[PDB]
There are 2 protein chains.
Amino acid sequence: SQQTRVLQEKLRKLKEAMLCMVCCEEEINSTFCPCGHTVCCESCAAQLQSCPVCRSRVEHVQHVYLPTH
Amino acid sequence: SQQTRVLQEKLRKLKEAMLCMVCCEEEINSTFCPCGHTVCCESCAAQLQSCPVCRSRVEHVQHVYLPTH
Ligand SMILES: CNCc1cnn(-c2ccccc2)c1
Ligand SMILES: CNCc1cnn(-c2ccccc2)c1
Ligand SMILES: [Zn+2]
Ligand SMILES: [Zn+2]
Ligand SMILES: [Zn+2]
Ligand SMILES: [Zn+2]
């Protein structure tokens, strides 16, 4: 039905919100510290000197183990 | 249809995976450091000495800003 389409689109958007904002291919699993933005996979986070959301310098990257992984 | 039910169930489980494992009411937004388990809201994480998943000592809690928030 039309409701099946609405739910498929909601599910798609929630899964896309878990994808790395730089490569668009891998799951987010890394936090930029100290700002706390958690928007990248480990490979893209290792290559950024400043946060792609807030431009704060990245002091270090913290791996996150999320139940959604 | 039956497919609408299947999608409703999938959506529900993905949303439940984002809830604090301790209070079951607030969204996860905190990481235990250095282990990296990200399973609690700020209030429940504040008072734990050891990680509730792996028992490692919590040296500090890092706030996380997730796109799913
Ligand atoms: C926070 N996530 C942003 C993001 C990264 N990638 N995509 C994406 C990828 C393929 C198709 C549609 C969307 C969304
Ligand atoms: C990782 N999240 C675990 C969790 C916490 N709470 N709930 C939950 C709450 C209400 C209804 C169904 C499930 C799941
Ligand atoms: Zn990436
Ligand atoms: Zn940032
Ligand atoms: Zn809680
Ligand atoms: Zn842990």
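Read-outs: derived from the displayed coordinates by stated rules, not from any lab. A quick note on method: Cβ atoms are made from the backbone with ideal geometry, for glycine too, and the neighbour counts reach across all protein chains shown.
How many Cβ atoms of partner chains, on average, are near each residue of B:1-7 if near means within 10 Å of its Cβ? All intermediate terms of the calculation are to be shown ahead of the outcome.
Working: counts 3, 1, 5, 8, 2, 2, 9.
Partner-chain Cβ atoms within 10 Å, mean over residues of B:1-7: 4.
Got a sec to turn the phi values of the range A:52-62 into Karplus ³J(HN,Hα) couplings, 6.51 cos²θ - 1.76 cosθ + 1.60 with θ = phi - 60°, whole Hz, x for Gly and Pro?
x, 8, 10, 6, 5, 4, 8, 6, 6, 9, 10
For chain A, find the longest principal axis of its Cα atoms and tell me its angle to the long axis of helix A:2-16, 0 to 90°, nearest 10.
Helix A:2-16 sits at roughly 10 degrees to that axis.
Of B:56, B:2, B:28, which is farthest along the charge dipole of chain B in the positive direction, counting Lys and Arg as +1 and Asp and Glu as -1 at C-beta?
The one lying farthest along the dipole's positive direction is B:2.
Okay, helix-only estimate at 222 nm for chain A: each DSSP H run of n ≥ 4 adds -39500 (n - 2.57), divide by all residues, round to 500 deg cm²/dmol; what do you get?
The helix-only estimate for chain A comes to -8500 deg cm²/dmol at 222 nm.
Need the list of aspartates and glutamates near residue B:10 for cross-linking: C-alpha distance under 14 angstrom, and skip anything on the same chain fewer than eight residues off.
A:9
With θ set to phi - 60° and the Karplus curve 6.51 cos²θ - 1.76 cosθ + 1.60, what are the ³J(HN,Hα) couplings of the range B:18-32 in order, to the nearest whole Hz, using x for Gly and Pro?
Per residue, the Karplus-derived 3J(HN,Hα) values read 8, 8, 3, 5, 9, 8, 6, 10, 10, 6, 5, 8, 9, 10, 7 Hz.
Nearest 20 debye, what's the magnitude of the dipole of the range A:2-63 about its Cα centre given +1 on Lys and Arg Cβ and -1 on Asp and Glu Cβ?
Working: 7 positive and 7 negative charges, 66 e Å.
Its charge dipole is roughly 320 debye.
Could you tell me whether the protein assembly as shown comes out rounded, prolate or oblate from its Cα gyration tensor? Rule is a ≥ b ≥ c as square roots of the eigenvalues, rounded for a/c under 1.5, then prolate if a/b exceeds b/c, otherwise oblate.
oblate
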